[PDB]
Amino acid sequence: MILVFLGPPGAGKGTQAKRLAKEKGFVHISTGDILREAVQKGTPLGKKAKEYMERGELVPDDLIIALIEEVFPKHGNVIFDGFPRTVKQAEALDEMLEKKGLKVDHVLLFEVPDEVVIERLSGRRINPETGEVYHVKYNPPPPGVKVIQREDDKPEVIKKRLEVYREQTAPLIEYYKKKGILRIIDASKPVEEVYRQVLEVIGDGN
């Protein structure tokens, strides 16, 4: 089974992908997490990606397609989390899967209003030692745990990331709807409720 999580930044895609991977055995491919690590390590991908990320722009398609080709697992169920983000990426994914006799099975659109994702992003915190994601209101970090704020979670960069989503990524909704594999998730609900709907749409009995 191959899943794609699609939606605005702050919709809760990473949170749901991590839980599904932990509980249901999926391989979690987060282009965001992989890119952030590349930046921290200063790899050729990282050094090139850094400035796009910092501006809230998408990293160029060529770099991302190569990344996915390199890391796509030979076996296992997969959650693509924040990939594809453009039509060219989606076309490349389809071709990569075809060559392996596979296909995208479900695309989940995390539907949620702007004011919700803006509060979620503004309040997002990360434990730099474990990578664990918190929210100052909805899931506070434990006392005594040092956390950081992502630079791209600043108000002006958030604005850009949302603009980019609406311009470049939202066209994937129709792309996948035409394939008959798009299902809509109410991502505005609490974490547990969203997770139950995720399981429902992918045909899991929970």
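If you superpose the two forms and keep the largest set of C-alpha atoms that fall within 1.5 Å, you have the rigid core. Numbers for residues come from their place in the sequence shown, where the first is 1.
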Worksheet item: Which stretch is more displaced from the shown form in 7 other deposited structures of this protein, 81-89 or 67-75, with RMS over structures and residues of Cα positions after a rigid core fit?
Response: 67-75
Response to the item:
Judged by RMS Cα deviation after a rigid core fit in 7 other deposited structures of this protein, the more variable of 156-164 and 40-48 is 40-48
Item to complete: Read off the CA B-factors in the entry, average them over 161-169 and over 34-42, and name the higher stretch.
Response: 34-42
Item to complete: Decide which of the stretches 55-63 and 172-180 has the higher mean C-alpha B-factor, going by the entry.
Response: 172-180
Worksheet item: From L93, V136, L108, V87, can you pick the one with the highest C-alpha B factor in the entry?
Response: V136
Fill in: Chain third (lowest, middle, highest) by recorded CA B-factor, residue given as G25
highest
Response to the item:
Assert third(CA B-factor, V191) within chain per record equals highest
Worksheet item: Going by the entry, which third of its chain does the Cα temperature factor of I126 land in?
Response: highest
Worksheet item: Lowest, middle or highest third: where is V116 by Cα B-factor in its chain?
Response: highest
